[PDB]
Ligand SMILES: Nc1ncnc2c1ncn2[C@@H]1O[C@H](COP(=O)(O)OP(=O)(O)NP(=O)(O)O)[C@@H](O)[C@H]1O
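Next comes just one chain, in structure tokens: the form deposited without this ligand.
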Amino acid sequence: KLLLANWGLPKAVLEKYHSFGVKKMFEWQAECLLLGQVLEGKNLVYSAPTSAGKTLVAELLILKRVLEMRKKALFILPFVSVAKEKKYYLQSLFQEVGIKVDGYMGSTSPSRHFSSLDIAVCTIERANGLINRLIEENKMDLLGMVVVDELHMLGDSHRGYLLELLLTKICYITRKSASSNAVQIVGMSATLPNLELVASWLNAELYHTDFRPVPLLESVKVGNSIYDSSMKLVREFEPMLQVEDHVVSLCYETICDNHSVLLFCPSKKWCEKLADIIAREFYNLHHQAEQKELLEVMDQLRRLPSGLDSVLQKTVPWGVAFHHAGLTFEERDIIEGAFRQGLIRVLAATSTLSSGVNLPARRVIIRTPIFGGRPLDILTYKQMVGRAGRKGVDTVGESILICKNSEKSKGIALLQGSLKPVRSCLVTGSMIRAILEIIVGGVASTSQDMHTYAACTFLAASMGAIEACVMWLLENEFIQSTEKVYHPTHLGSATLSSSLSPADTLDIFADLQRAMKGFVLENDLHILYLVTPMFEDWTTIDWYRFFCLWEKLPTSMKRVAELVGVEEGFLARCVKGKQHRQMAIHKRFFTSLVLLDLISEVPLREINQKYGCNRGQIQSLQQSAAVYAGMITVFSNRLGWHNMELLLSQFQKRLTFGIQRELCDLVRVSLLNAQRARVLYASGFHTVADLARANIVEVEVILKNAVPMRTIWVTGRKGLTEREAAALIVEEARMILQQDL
């Protein structure tokens, strides 16, 4: 029975699955897919190692709930990078059968309407908003499927509560129409202890497996000795060519057998240092002093807005490199592709890669059990060591955690530890959000229904607050009480529409209302201070640098600075030689200055030099700001603020792509980010109309010029040759202008 052809499956999807290598399932997937009425709608909650092909069952169930019972489906993923990778994977897997798959990730939204879509690959943040939209204007009948990758995220997380709110709201909808399902829910999780609780909460069937196609050997390293998980010595490591940790010797031993290695370091500078070191030894140890593919990778990295990196330049032409959050998303994807193809053999990465893309390595060396001054998380450790072993290539996979002295204790604790149980995280902001979501959607009106809703949440399954939440929403004019039936107000409806926390929406309302009274239209800084999310921790602000920039602003910026709350007596002044709101204003002013250079098309390296923030932080900030701009635009649209929504309607795109207004029509093309559109705009093409018939060979020449074979790198298309790149550019322009009218 274990064969993808025996199971009912489209021929096109079957032949696409044979391309990636999936031709015979495992026993665990069959036992999970044949777990009673799961194929009919009885929700499903299952756990498996990430290397065991967890998502195959989810994709099969989607194809089912989409083909047989034609309806929409949601694929909720934890992060934007993995969500985009899954969106492109599902697109390449489902294009032939005609299932329109599009993504709601970060700032990007599908050009086509959600009604035209058939699968929405969403982040946790945007899937909740999508379901809120479906509930508001009565379309919950379109949804028939919801898939939640990384179900364990529903516990303690900054975006996990939105996951719970996503399901407890759906289940109520299914359990209020009952006065094998109407909306199926399929969840993928890790080896959680209380998975059952989660399975019973969602009524889903529970499937837990521990099968790993490539066996895993986790071990600790103390001095020169290697011990297994159960405090048993397994090997006496002796360095081959070393100049205790012998990290370089371990990497050398891994490399000698024509394999690759993952090296998880606790910081960025540590990754850059511990990739330089192995590069130096691989030169000296291997030169007594594919290439072509590696030179292609170097040239791909060299035609980027930030260009080549000095440490990358020293490391990459030896098989060694580093992959941390400091690099741009393009550089990170290039390095990840190079490692995936075997071109890069040693990858010094941080913990961020552990939860990100699927990047398996033969040996995973975790330098220290102490990550960022704290012991490594058991979930993080499991995520790292689950990458040890490539399916279908390696016979085994090795994880080596390097510990010492006392550190040995934390290492053995990580070796013998297990995942913590899932939580609920639900007065509190999450419960306020949930109460507002149900009341404003009209799904629940009376307080008896309000407690019934809380009887459907994970808190009720794990085993007052709702009254406090209702009181808070009533006292803050989010909700009105009539003979005590609760009805949404205009502010309460606008909060649920623009997907913002009701806690933040109060100050957002105050800030926008103050901005309407006095606005500065002679720059884009006032329209940016409103769409600037916060400071958070996107960078470590240098006070002197800030004051210097401020001393050199146009004769019109400081007008915007003083109209929003910034000062000069406290503007990188007092803090220069050394208040919770003024700090949040200046740290928002600086943040709004950086975005000012992002929408002014300033090169990332120049922004880094003038502001001191690296390019990864700048890109993260611009993505967050674009999301916030979209939310603020919807908030003003639903409040009847036509003179502000009109101003904000373009800044989401101008921040997503970091462009000027002129390119806002060119960047609609998927392959025109901010530099293949500026060089294509200077040559006279200023509209997607002039680019549909743009001379093919002409745009090839233009893309060949202006360099900061497949040197051009495209997000989701990896590397593209100039000719193929601009051919796809003109084809995308043709499709955009042809299917939008």
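Residue numbers run from 1 along the displayed sequence. Shifts are known only where both forms have a C-alpha. C-alpha atoms forming the largest set that superposes within 1.5 Å between two forms make up the rigid core.
Flanks modelled, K24 absent in at least a third of other entries = Modelled in all the others, so no.
Hey, does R717 show up as a hole in at least a third of the other compared models?
-> Per the records, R717 goes unmodelled in at least a third of the other entries.
Count, per the entry, the deposited residues between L206 and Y207 that are not modelled, and return the matching class: none, 1 to 3, 4 to 9, or 10 or more.
-> Gap between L206 and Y207: none.
Which fits the stretch between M463 and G464: none, 1 to 3, 4 to 9, or 10 or more deposited residues lacking coordinates?
-> Going from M463 to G464, the model skips 10 or more residues of the deposited sequence.
Not on display, but discussed next: the form solved in complex with this ligand.
Open site or blocked site for this ligand in this chain, with its pose taken in the deposited bound form and fitted by superposition, and blocked meaning 3 or more ligand atoms within 2.4 Å of backbone or C-beta?
-> Blocked, going by where this ligand lands after superposition on the site C-alphas.
Answer for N43 alone: is it within 4.5 Å of this ligand in the deposited bound form, judged on heavy atom distances?
-> Taking the distances in the deposited bound form, the answer for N43 is no, it never comes within 4.5 Å of this ligand.
Evaluate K24 for contact with this ligand in the deposited bound form, applying a 4.5 angstroms cut-off between non-hydrogen atoms, and reply yes or no.
-> It does: once this ligand is placed as it appears in the deposited bound form, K24 has a heavy atom within 4.5 Å of it.
If you check in the deposited bound form, is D149 within 4.5 Å of this ligand, heavy atoms only?
-> Although this ligand is absent here, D149 would touch it in the deposited bound form, with heavy atoms inside 4.5 Å.
Indicate whether this ligand has at least one heavy atom within 4.5 Å of a heavy atom of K653 in the deposited bound form.
-> Close contact is absent here: in the deposited bound form, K653 is far from this ligand, nothing within 4.5 Å, heavy atoms only.
Among the candidates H586, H526, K86, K169, the residue which, in the deposited bound form, approaches this ligand to within 4.5 Å (heavy atoms) = Result of the distance check: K86.
Go through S47, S51, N673, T711 and name the one with a heavy atom inside 4.5 Å of this ligand in the deposited bound form.
-> Looking at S47, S51, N673, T711 one by one, just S51 meets the 4.5 Å heavy-atom criterion.
Triplet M298, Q313 and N608 all within 4.5 Å of this ligand in the deposited bound form via a heavy atom | The answer is no; none of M298, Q313 and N608 reaches this ligand.
Among 31 to 39, 711 to 719, 53 to 61, 683 to 691, which stretch sits within 4.5 Å of this ligand in the deposited bound form, heavy atoms only?
-> Every other range fails; the passing one is 53 to 61.
Displacement runs between the shown form and the other one, C-alpha, 2 Å or more, three or more consecutive residues, core aligned = Shifted segment: 576 to 578, the only one.
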